[PDB]
Structures are given as C-alpha cells and as structure tokens.
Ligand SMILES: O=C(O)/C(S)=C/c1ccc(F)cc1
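A single chain, nothing else alongside it, follows as structure tokens in the form solved without this ligand.
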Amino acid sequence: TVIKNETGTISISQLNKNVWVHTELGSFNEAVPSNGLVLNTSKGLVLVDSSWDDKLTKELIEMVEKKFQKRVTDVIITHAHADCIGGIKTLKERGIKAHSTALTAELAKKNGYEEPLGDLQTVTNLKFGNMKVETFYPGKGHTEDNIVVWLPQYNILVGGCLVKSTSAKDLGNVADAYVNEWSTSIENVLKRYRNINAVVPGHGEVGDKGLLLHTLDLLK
C-alpha cells in the first residue's frame, strides 16, 4: 500500500501493520529520494528522520497526521544532515520532540540547523504506546554521529545512511564520513542485531541484512 501527494515528491508505503516508510524527493543535483519511517502508535505518530527541508517536512507531517488522524509526537534524528534534520524548525514549532544524540545536536548547531534534544545515549529504548523503538550509536561511518534504529517487535533495522541500497555503487558524500571506521561500525550493528529481517537504507529500497554486507563490500 503506497500513498503520495499530487506532486509525487512525497510518498508513504506500508511495511507492516504500524510501520510505514516515508520517502521524499529533494530537488538538487535533480531528484534524490530519502527514506524515513512513520510509526503509527496508540499514542500518536512517531517518525524516524524528517525531510530535506521545512516545506517538505511540513507537507510530510500534514500528510500522515491527516491519514492517521493523529499528532506526530516524536521524531528520531539519525544524523545531522539535511535529508534527516532538514525540517527541525517545523518540528519545534509544532511541538514535536526531536530526539538525537548529544553529538548530533552539536553538529546540527554547527551546520546552522536548530538544535534537537540531544537526549539519546549510545543505547536508548523508547516505547510509544505498544511500539518499541531502540536507538543505537554503532560508531563513526557515513558521518561522525550516525545512529541506527531497531524495531525489536518486527526485527526491522533502519540503517539509515550508514547502509547503502542494493543498486548503490557509490558511498555518497564522504567529506564528513569516516570511511575507515565505517566498516567497524557496520560490524557492530551486525554483531548487536543478529536476527535482522528487513533493513531500510537511507536512500533506496528496503532490503535485508545483505545491504549491510553490500555496504561493507563497497567500503573494502
């Protein structure tokens, strides 16, 4: 089940019961899709990452709140990049709690973005209604602050930008990346979660554990 906006720049696809994937196309150098999650809980909507900017983020929020007729209460920022923290301003003005590690908050500030909470520790478990969410900082990789999100009830891993999609042959922006450490961080994810079912890459189609292996291959 996929749902879009008249424009086709924002779409949400059902992964499981209360887990949907939101994807927005940014307009640069042209369309680059970015993934996030929408968690439909008994106490509101929880998102994993916002969008490229405030306009897209606001549109995304308006779309899901209308679809599920609920308030987006929290958002987990996986790292300080436009495709993830781009709509932080929209979040703060709507009373949406922007969770992040202290490091992500520090880098967000350094990059001219409003500051997220900086509340997430290396391992943080959050439960919204009956929806369980675990955030984990595996170490430096795509960026210094990148974290992954794990949904234990579904064994779904949001690898975010630390994980490349099956068709990706490029690592993307590595100016802020720690290429040599990237591999170790992915192994920490692989060692921590040994029963991964679905894996959501930062960009591209949902896959499985093979995406992490594919990324390690690109890094060799």
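Note that residue numbering follows the sequence shown and begins at 1.
The same protein has a further form, the form solved in complex with this ligand, not shown here; the description that follows concerns it.
- The partner is not drawn, yet in the deposited bound form one stretch among 148-156, 60-68, 185-193, 170-178 has residues with heavy atoms inside 4.5 Å of this ligand: 170-178.
- Remark: residue 48 does not count among the residues lining this ligand in the deposited bound form, judged by a heavy atom distance of 4.5 Å or less.
- The shortest heavy atom separation between residue 209 and this ligand in the deposited bound form exceeds 4.5 Å.
- Among heavy atoms of residue 22, none comes within 4.5 Å of this ligand in the deposited bound form.
- This ligand is not drawn, but in the deposited bound form it has no heavy atom within 4.5 Å of residue 38.
- Residue 203 is the sole member of 179-217 found to place a heavy atom within 4.5 Å of this ligand in the deposited bound form.
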